[PDB]
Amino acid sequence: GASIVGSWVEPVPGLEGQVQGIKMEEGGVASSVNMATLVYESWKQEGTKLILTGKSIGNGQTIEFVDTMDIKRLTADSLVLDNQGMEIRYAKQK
C-alpha cells in the first residue's frame, strides 16, 4: 500500500488558491505547511491509528498536544483522517 511519508495539503478555508497542511518525514518529524497557529512536531502510525503531536499557539498560551486519529484512506494521492468525528481530507503535494 502507499506510504504516509510525504506532504499532505488541503485548500485553506476562505482563501481561494491557498493550501495548508502537514509534512511527515522519515524519522518521525512532522511540520506544518502554511499554518501559524498549529505547529506540528511529530507523527507516528500504528496500523490505522495516526498520532500527531505539536503545539498550538493561542488564548495567550502555547500548549503541546497529542492528537490521535483514524486513517480512513491512504493512497499515493490521498489521505483521509477522522479526528474525533471531524474528517480531514488531504491531497499529496506533488
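The first residue of the sequence shown is number 1, and the count goes up from there.
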item	value
Chain-wide C-alpha B factor ranking for residue 18, given as lowest, middle or highest third	middle
B-factor third for the C-alpha atom of residue 82 within its chain	highest
Within-chain third of residue 50 by Cα B-factor, per the entry	lowest
Modelled-residue ranking by C-alpha temperature factor, third containing residue 66	middle
Among modelled residues of the same chain, the CA temperature factor third for residue 91	lowest
